[PDB]
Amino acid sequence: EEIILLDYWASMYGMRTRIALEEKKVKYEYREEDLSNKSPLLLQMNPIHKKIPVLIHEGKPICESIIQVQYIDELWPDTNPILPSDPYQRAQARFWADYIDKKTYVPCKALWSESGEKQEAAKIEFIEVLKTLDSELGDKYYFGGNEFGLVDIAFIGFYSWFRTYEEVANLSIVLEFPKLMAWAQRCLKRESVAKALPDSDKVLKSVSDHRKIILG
């Protein structure tokens, strides 16, 4: 139970680790990091990347959200198992989490922080992700099949940003991807997800205010 999570409230990546901890019914200390004034603990525990989320367990750091989720799953594998038991299914889940990380590394920032050609580039990339994930989900209840799993955790945090993407990047998500909206609604019925995701209007307000200040 000796766990600290250094995180940023609106981080879709940190939300993954918040969800995994709640899935295991783990009590932990959440600490909010100021992204423009990172704590001494954060820089000490994540000297390589200096980024949130940072999971600290018995004073030892675990970095990278998908690696944190797997560490939590391996620590408590019998309570709400996150990864599949089958090796091949496991590899597919890791592949799609990796896909999300690779393809959202830039858009996660440029979608709200840029304009013009750099924001258009990010819009194109993110729409491609939504289409690809929508096709991979198909007609299943979850990316994990019949049960909520690793890939669901890997993407559900982005739902809290859909409203922001539609408004600051002139994207159409809710009306174009009803299967993803329905999937998000299924996931939100889990207490872990409901606790982890911030209000989407709060996200938008925060991002708009920041946007409007840094670029007019």
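The numbering used is simple: start at 1 and walk along the sequence shown.
Student: Hey, which bit's got the bigger mean C-alpha B factor in the entry, 7 to 15 or 20 to 28?
Tutor: Higher of the two, by average CA B-factor, is 20 to 28.
Student: Averaging the C-alpha B factors as listed in the entry, name the stretch that ends up higher: 107 to 115 or 68 to 76.
Tutor: Higher of the two, by average CA B-factor, is 107 to 115.
Student: Can you tell me which of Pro40, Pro178, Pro53, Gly157 has the highest Cα temperature factor in the record?
Tutor: Comparing C-alpha B-factors across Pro40, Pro178, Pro53, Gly157, the maximum falls on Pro40.
Student: Could you say which of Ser172, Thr164, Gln185, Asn46 has its CA atom at the highest B factor, as listed in the PDB entry?
Tutor: Across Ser172, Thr164, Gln185, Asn46, the entry lists the biggest C-alpha B-factor for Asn46.
Student: Consider only the C-alpha atoms of the modelled residues in this chain, order them by B-factor as the entry records it, and name the third containing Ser192: lowest, middle or highest.
Tutor: Lowest third, going by the recorded CA B-factors of the chain.
Student: Splitting the chain's C-alpha B-factors into thirds, which one does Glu128 fall into?
Tutor: Middle third, going by the recorded CA B-factors of the chain.
Student: C-alpha B factor of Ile100, ranked within the chain: lowest, middle or highest third?
Tutor: It falls in the bottom third of the chain.
Student: What third of its chain's C-alpha B-factors does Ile82 belong to: lowest, middle or highest?
Tutor: According to the entry, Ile82 has a C-alpha B-factor in the chain's middle third.
Student: Select lowest, middle or highest to describe the third in which the CA B-factor of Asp152 falls within its chain in this entry.
Tutor: CA B-factor rank for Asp152: lowest third.
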